[PDB]
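Before any questions on binding or motion, here is one chain by itself as structure tokens, the form solved without the DNA.
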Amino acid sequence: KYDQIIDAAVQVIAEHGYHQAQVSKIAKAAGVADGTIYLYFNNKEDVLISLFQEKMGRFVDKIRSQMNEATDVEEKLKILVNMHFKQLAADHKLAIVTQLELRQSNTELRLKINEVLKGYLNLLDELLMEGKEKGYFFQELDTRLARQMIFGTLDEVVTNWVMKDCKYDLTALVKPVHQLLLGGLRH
């Protein structure tokens, strides 16, 4: 019942956009009464934020599990890149939500979205610190800048794919993005 509301919210926000999405449309798409939505969510903002928290929480947990099992820090990065691309290539509507509708100019809304994103960003920080401690990455590497390079590059590749109607295979870019982030531009 909570899960069908989450699913419906993705659908409705992707189709109509966040500002034109009404919680009543979400309830109709979920097969629930207007009132069933407010048992879980104070309102429409709490719907967008909760949907993001739910999807991010599950993503981060899966990546952490898969990484905790990997043997090599470069493979841990690959896992992260692969899961980021795979999960969105699996759900075009959630990609429209992440790439397009969670990008808000409202200051209070923007700050709440960013707080949810810190879960992913902190997992990057952990990976970067691990790679510096273990010697895969250079000692002087600036963790925060590197996080911004990794997340900013991944997010930019995904956005361009969404902007091109998801018409090529996003998952075919895992290997070259991973190689580019490890090696940089230089010959």
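Position 1 is the first residue in the sequence shown; the rest follow in order. Each form is matched to the other, and the largest set of C-alpha atoms that superpose within 1.5 Å is called the rigid core. Shifts are known only where both forms have a C-alpha.
Form deposited with the DNA bound: not shown, discussed below.
Participant: In the bound PDB entry, does residue 129 come within 4.5 Å of the DNA, counting heavy atoms only?
Facilitator: The answer is no: residue 129 has no heavy atom within 4.5 Å of the DNA.
Participant: Is residue 32 near the DNA? Define near as a heavy atom within 4.5 Å, in the bound PDB entry.
Facilitator: So residue 32 counts as contacting the DNA.
Participant: Even though the partner isn't displayed, in the bound PDB entry is residue 43 close enough to the DNA, meaning a heavy atom within 4.5 Å?
Facilitator: Heavy-atom contact with the DNA at 4.5 Å: present for residue 43.
Participant: Report yes if any heavy atom of residue 23 sits within 4.5 Å of a heavy atom of the DNA in the bound PDB entry; otherwise report no.
Facilitator: Yes.
Participant: Just one stretch in 151-159, 34-42, 132-140, 54-62 has heavy atoms within 4.5 Å of the DNA in the bound PDB entry, so which one is it?
Facilitator: Contact criterion met by 34-42 only.
Participant: Note yes or no: does the Cα of residue 34 move by 2 Å or more between this form and the one not shown after the core is superposed?
Facilitator: Passes the 2 Å threshold, so yes.
Participant: Hey, does residue 100 budge by 2 Å or more at the Cα between this form and the one not shown once the core is superposed?
Facilitator: No, the C-alpha position differs by under 2 Å between this form and the one not shown.
Participant: With a 2 Å cutoff on C-alpha displacement after fitting the rigid core, which stretches of 3 or more consecutive residues move between this form and the one not shown?
Facilitator: Residues 1-57, 104-113 form the runs that move by 2 Å or more between this form and the one not shown.
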